[PDB]
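The sequence shown begins at 1 in the deposited numbering and counts up by one.
Think of the CB as a built atom: it goes at the ideal place given N, C-alpha and C, for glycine as much as any other residue.
Data block below; observations after.
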Amino acid sequence: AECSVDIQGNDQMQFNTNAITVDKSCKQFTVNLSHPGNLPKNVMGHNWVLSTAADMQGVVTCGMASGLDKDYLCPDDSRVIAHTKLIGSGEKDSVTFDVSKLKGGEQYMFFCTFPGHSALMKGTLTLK
Ligand SMILES: [Cu+2]
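Laid out in C-alpha cells, this is it:
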C-alpha cells in the first residue's frame, strides 16, 4: 500500500497533482507538502486542505477572512478533515490523518485556501 503522497505548490499557482488516491487498506494517510518557489508565504503561501466537495466553498470562504496569522483557515473547523499549515518558498509541512475519517461513497476535494488560489490549486481525493 502507498499511504503517502508528496505534493508541491509553486510560484505559478500550481499543485503538481490534480487527483490523490488513498488506498483503503491504509489506516493513516500522509501528505508531504513543499514549496519549490522563491516567493514568501504572504504573497504566494500554500496549504493543503481536505474537505468534502460540498464543504469546499464554505471552508475556502471562511478561510479567506481568517487571515494570514490563522493560515487562512477557520480554527478548529470540523469540516476540515485534515490540513497542513500555510507555507512559503523553501518551507515544508506534513499532515497525517485517519483513513477512517473518509466515507466510501463521498466526494472529497483538496485545495489551497490562500485567497484566490483554489481556482487553480484544487483536485480530487478518492478512497478506493
Ligand atoms: Cu496557495
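Check whether residue i and residue j have beta carbons under 8 angstroms apart
i: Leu33; j: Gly88; result: no
i: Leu68; j: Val49; result: no
i: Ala82; j: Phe97; result: yes
i: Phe110; j: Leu125; result: yes
i: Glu91; j: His35; result: yes
Beta-carbon proximity list for residue i, same chain, < 6 angstroms, skipping 5 on both sides
i: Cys3; result: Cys26 and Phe29
i: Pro115; result: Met64
i: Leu102; result: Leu127
Extent of the continuous alpha helix (DSSP H) to which residue i belongs
i: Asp93; result: From DSSP, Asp93 is part of no alpha helix (DSSP H) but of the beta strand (DSSP E) over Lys92 to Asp98.
i: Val80; result: No alpha helix (DSSP H) holds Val80; DSSP gives it neither H nor E.
i: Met44; result: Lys41 to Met44
Residue i classed as buried or exposed, judged by whether at least 16 other C-beta atoms fall within 10 angstroms
i: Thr61; result: exposed
i: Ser51; result: buried
i: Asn47; result: buried
i: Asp6; result: exposed
i: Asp76; result: exposed
As assigned by DSSP and simplified to three states, the class of residue i
i: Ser66; result: coil
i: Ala119; result: helix
i: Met13; result: coil
Host beta strand (DSSP E) of residue i (start-end)
i: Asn32; result: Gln28 to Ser34
i: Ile7; result: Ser4 to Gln8
i: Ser51; result: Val49 to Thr52
Own chain residues within Cβ distance below 8 angstroms of residue i, not counting five before or after
i: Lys128; result: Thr21, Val22, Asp23 and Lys24
i: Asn42; result: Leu68 and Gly88
i: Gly123; result: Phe15, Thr17, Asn18, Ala19, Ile20, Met109, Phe110 and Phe111
i: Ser94; result: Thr30, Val31, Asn32, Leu33 and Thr84
Nonlocal neighbours in the same chain, by C-beta distance under 7 angstroms from residue i, ignoring five residues either side
i: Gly37; result: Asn10, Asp11, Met44 and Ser89
i: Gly104; result: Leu127
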